[PDB]
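FYI, side chains are in, hydrogens and waters are out, and symmetry mates aren't considered; it's all heavy atoms of this structure. We name chains A, B, ... by the order of the sequence lines, and we start the count at 1 in each one.
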Amino acid sequence: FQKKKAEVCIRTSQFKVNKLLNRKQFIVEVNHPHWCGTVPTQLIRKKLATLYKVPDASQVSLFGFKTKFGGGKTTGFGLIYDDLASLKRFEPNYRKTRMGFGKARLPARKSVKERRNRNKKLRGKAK
Amino acid sequence: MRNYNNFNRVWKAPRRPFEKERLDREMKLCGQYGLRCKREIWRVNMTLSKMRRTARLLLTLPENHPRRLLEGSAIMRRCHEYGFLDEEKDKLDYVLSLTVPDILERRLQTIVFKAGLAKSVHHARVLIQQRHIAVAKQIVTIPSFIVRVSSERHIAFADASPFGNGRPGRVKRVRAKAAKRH
Amino acid sequence: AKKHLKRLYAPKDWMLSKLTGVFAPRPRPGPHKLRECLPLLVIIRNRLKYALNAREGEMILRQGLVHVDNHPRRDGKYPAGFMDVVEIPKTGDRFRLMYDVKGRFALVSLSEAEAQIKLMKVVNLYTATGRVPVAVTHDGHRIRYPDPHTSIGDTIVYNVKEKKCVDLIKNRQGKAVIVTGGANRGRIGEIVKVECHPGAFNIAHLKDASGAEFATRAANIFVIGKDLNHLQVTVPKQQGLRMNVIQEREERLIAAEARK
RNA sequence: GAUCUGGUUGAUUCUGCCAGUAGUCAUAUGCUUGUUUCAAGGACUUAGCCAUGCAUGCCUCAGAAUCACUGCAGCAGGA
RNA sequence: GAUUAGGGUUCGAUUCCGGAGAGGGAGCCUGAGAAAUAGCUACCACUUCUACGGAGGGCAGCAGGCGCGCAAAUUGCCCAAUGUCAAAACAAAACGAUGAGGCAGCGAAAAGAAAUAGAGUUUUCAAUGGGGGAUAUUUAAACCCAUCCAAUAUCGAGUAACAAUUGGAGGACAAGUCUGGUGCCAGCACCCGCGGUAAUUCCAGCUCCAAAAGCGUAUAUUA
RNA sequence: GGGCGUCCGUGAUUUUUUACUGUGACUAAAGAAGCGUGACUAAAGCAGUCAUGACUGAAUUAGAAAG
Ligand SMILES: [Mg+2]
Ligand SMILES: [Mg+2]
Ligand SMILES: [Mg+2]
Ligand SMILES: [Mg+2]
Ligand SMILES: [Mg+2]
Ligand SMILES: [Mg+2]
């Protein structure tokens with residue numbers, strides 16, 4: 001054993017440019033020996049930003065990772081769009097909400113179900 | 001309810017549960033290979049029984065038949081791959097001569113005893129299950145892991161284990177905390 | 001009126017995994033049969049990975065970005081089947097639906113000149129109102145004034161841009177077919193002898209390029225050229241030649257060992 | 001694995017059943033249960049009876065807006 | 001599906017396909033398609049609100065409730081995925097509906113993998129889970145699992161008390177001519193048989209055997 | 001300009017089936033058999049594997065009688 005600062009190196013396996021939806025899609029595997037815990041998605045986002053030279057580091061989209069048994073590495077899917085305005089357009093709301101910017105959650109669906117059943121009786125401008 | 005994930009049984013209990021000849025052989029096999037229960041022997045029975053049954057069907061089939069050239073070269077391939085048969089044994093009549101200790105020698109509990117990484121076969125089963133042995137820089141925590149022939153070269157201590165190049169384990173580390181408060 | 005497919009009752013050539021959801025996209029009526037098509041949601045999501053789910057998949061289709069036979073198809077459930085030409089102008093790739101020799105659908109990449117024509121087999125002939133004799137095709141087309149030598153078993157070359165039947169291929173002894181049904185589906189062969197048996201199914205005997213003899217029903221054969229060299233359309237990478245199951249099993253082990 | 005074994009007699013050969021035995025994605029029950037993975041789950045009796053909530057609704061650039069609705073300075077959202 | 005050398009013998013309410021039904025029984029309208037039932041009309045059997053004039057009900061949908069039984073869970077979260085519908089791509093003041101379907105809670109039905117220790121000279125040395133937790137990761141959101149006890153800097157086994165049980169020890173059938181008690185009693189025993197004051201069989205203590213996170217028993221059913 | 005011999009459809013001429021058996025043609029998945037593949041092993045699953053993208057894989061076989 002020899003103590004050194006825990007280094008993250010990052011690798012992209014099967015890369016694809018998607019001219020539809022305006023993005024570059026791929027799976028990204030992170031090797032993190034001597035790391036403590038799991039690498040955060042935010043820290044993978046900036047290091048994948050430098051490797052592809054994207055102008056804004058927040059236009060990278062990184063969702064579900066699966067850490068390998070035994071440790072040492074993770075592997076998840078990656079998305080980098082041509083524009084950040086294209087990111088807010090084509091990403092789902094749940095991946096936007098995990099990036100901060102996104103629509104706040106609707107009222108609980110059990111409430112909107114009951115109100116809509118109450119309005120089935122009415123006719124005028126009351127509903 | 002609409003779930004189509006499959007599952008079957010891997011072992012079978014013997015007919016005649018009290019045979020004094022059988023009960024003596026299986027206590028030797030639990031001692032010479034460090035086994036938890038008789039059920040780990042009984043799946044090695046069913047693993048080898050299924051090989052002994054398919055290879056006995058293929059000998060009913062003639063040579064230069066399609067189901068014997070294909071799928072008879074598959075069962076000789078997995079014996080050579082997992083160390084069940086050495087490379088001279090290529091005639092398919094040697095699968096009918098395989099024994100239960102021929103399969104039990106290929107478990108990761110046995111090779112870690114035979115390669116020399118542990119003093120006893122009960123030392124090997126502890127060190128597998130306590131995350132010390134990596135087969136191909138892959139920490140394997142399963143004692144019934146059947147080691148291939150090509151995997152024998154690369155069994156070593158894990159790179160994250162305290163016995164390898166990892167951080168020191170619990171009894172040193174909780175002692176290193178007690179010497180720190182003083 | 002069925003509106004649902006279960007993913008187990010879906011065709012096996014689509015290759016949808018049984019553990020991902022109960023349902024499969026039931027293809028609408030249209031050109032091709034439900035048992036014998038590949039709907040555009042499976043092509044855009046499962047064949048091509050342009051879409052990760054069905055929600056990204058209708059962002060492509062409803063926007064008007066996939067063209068099946070020169071016309072944009074905004075339906076994820078549109079039945080695309082055999083001999084169809086799927087263009088995409090943005091990614092600049094265009095494909096043809098062919099059967100490969102294992103019977104599955106295969107996307108054969110095309111040029112611009114090869115992507116204008118398609119080959120279509122007559123299924124019925126009748127006279128419409130007026131005295132116009134129209135030809136009914138397996139892709140649902142109704143060509144109104146076909147070549148007067150058109151019979152039912154024949155093949156019309158069509159050119160989907162300028163909707164003009166440019167050619168005809170008769171169904172005779174000396175022609176080469178592709179088999180589009182049965183155990184022999186995807187195989188290409190010369191025609192040897194066609195056994196008539198009126199009142200029942202015509203049987204067609206066929207010989208392959210290697211010399212392998214095999215038979216089908218003559219409603220399953222689809223004539224695609226004058227001979228096996230002069231095929232009118234390009235075929236997948238095996239070119240209708242079915243290798244042995246032992247020999248093709250040996251070659252993958254040899255290729256996997258030689259790769260490492 | 002194309003396998004049986006106790007029980008009729010003072011002992012012996014049989015016939016023949018009872019009994020053991022091993023399965024069940026076959027149910028129920030009893031005593032126990034530290035970790036994980038994968039799962040069935042009011043079918044059987046009563047297609048018996050049902051409190052309450054919910055389970056089928058749809059709007060785009062592209063059918064109909066004078067809300068006495070909303071911003072904005074007629075254009076947009078629209079119940 | 002279960003079992004099966006071969007021939008067979010059984011089970012199939014249940015996920016896929018088809019048929020039928022929506023409390024029983026009819027009869028219809030509308031529509032391309034219904035003899036539709038989270039459509040209508042009527043009667044029969046039950047049934048809820050009423051200001052007595054009247055008005056309604058249909059869980060063999062999903063949760064639940066009472067009964068019935070030997071016998072079967074949450075009045076849970078969500079459309080993120082799979083799909084269906086449709087005037088409908090996503091986004092922009094600007095999120096279509098879905099008890100279909102997922103997800104989680106209960107869950108020893110049945111299946112996989114697997115701890116309860118190792119190593120050495122009375123006496124020490126190492127281990128790492130169960131379990132606590134995170135810069136976090138998963139996830140629609142959590143959960144789980146996976147990864148981690150510094151990366152400058154993360155808690156922890158000793159009777160490891162963090163403690164294995166369930167059935168047996170005459171025979172079949174593996175394993176006591178051990179000790180105490182009772183005395184054809186109490187009980188055991190699938191069958192044969194035990195027990196009548198020295199019980200290989202009961203009630204117990206010890207010690208063993210078998211399977212083991214399992215193991216008895218009962219009823220079906222195959223060998 | 002004759003012979004030879006085919007193809008297709010139509011007329012006229014006096015009749016032999018069935019079981020069996022060999023080959024075919026058609027015959028949904030899930031399930032069974034099994035070919036690949038270190039999901040850590042396995043029960044699984046159809047996936048993945050390798051140094052601004054490459055070779056892609058999902059092989060195959062049994063499935064009652066009748067037609
Ligand atoms: Mg560790
Ligand atoms: Mg049904
Ligand atoms: Mg009645
Ligand atoms: Mg219910
Ligand atoms: Mg005594
Ligand atoms: Mg006793």
> So, do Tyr9(C) and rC16(E) meet the stacking rule of ring centres under 5.5 Å and planes under 30°?
Replying inline: no

> Is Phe18(B) stacked on the base of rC173(E) when the test is centres under 5.5 angstrom and planes under 30 degrees?
Replying inline: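 Check failed, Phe18(B) does not stack on base of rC173(E).
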
>> Within the 4.0 Å heavy-atom criterion, would you say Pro92(A) contacts the bases, only the backbone, or no part of the nucleic acid?
In response: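 It contacts nothing in the nucleic acid.
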
> NA contact type, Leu106(A), heavy-atom cut-off 4.0 Å: base, sugar-phosphate, or nothing?
Replying inline: base

> Distance only, no hydrogens: is a donor on one side chain within 3.5 Å (strictly under) of an acceptor on the other, for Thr75(A) and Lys73(A)?
Replying inline: yes

With hydrogens left out and only the distance checked, is there a donor-acceptor pair under 3.5 Å joining [X]'s side chain and the base of [N]?
X         : N        : answer
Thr67(A)  : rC145(E) : no
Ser151(B) : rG38(F)  : yes
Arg39(B)  : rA212(E) : no
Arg89(A)  : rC90(E)  : yes
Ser17(C)  : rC46(F)  : no

> Quick one: salt bridge (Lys or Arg N to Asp or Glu O under 4.0 Å) pairs with a partner in residues 79-94 of chain A, sequence neighbours left out?
Replying inline: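 Qualifying pairs, neighbours excluded: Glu91(A)-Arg95(A).
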
> Which pairs, with at least one residue in residues 41-56 of chain B and sequence neighbours excluded, count as a salt bridge (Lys or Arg N to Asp or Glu O under 4.0 Å)?
Replying inline: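 Counting only pairs at least two positions apart or across chains, no salt bridge (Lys or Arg N to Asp or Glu O under 4.0 Å) contact touches residues 41-56 of chain B.
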
> How is the sugar of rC52(E) puckered by the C1'-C2'-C3'-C4' sign, north or south?
Replying inline: south

> Any chance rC28(E) and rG39(E) qualify as a Watson-Crick or G-U wobble pair, both distances under 3.5 Å?
Replying inline: yes

Any protein N or O atoms within reach of nucleotides 159-161 of chain E? Criterion: under 3.5 Å, listing atom names and distances.
none

> Taking the P atom of each, how far is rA218(E) from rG180(E), in whole Å?
Replying inline: 35 Å

> Below 4.0 angstrom from OP1 or OP2 of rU24(D), is there any side-chain N or O of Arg9(B)?
Replying inline: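 It does, given that an N or O in the side chain of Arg9(B) lies less than 4.0 Å from OP1 or OP2 of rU24(D).
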
> Taking a pair as Watson-Crick or G-U wobble with both distances under 3.5 Å, which nucleotide is matched to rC215(E)?
Replying inline: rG30(D)

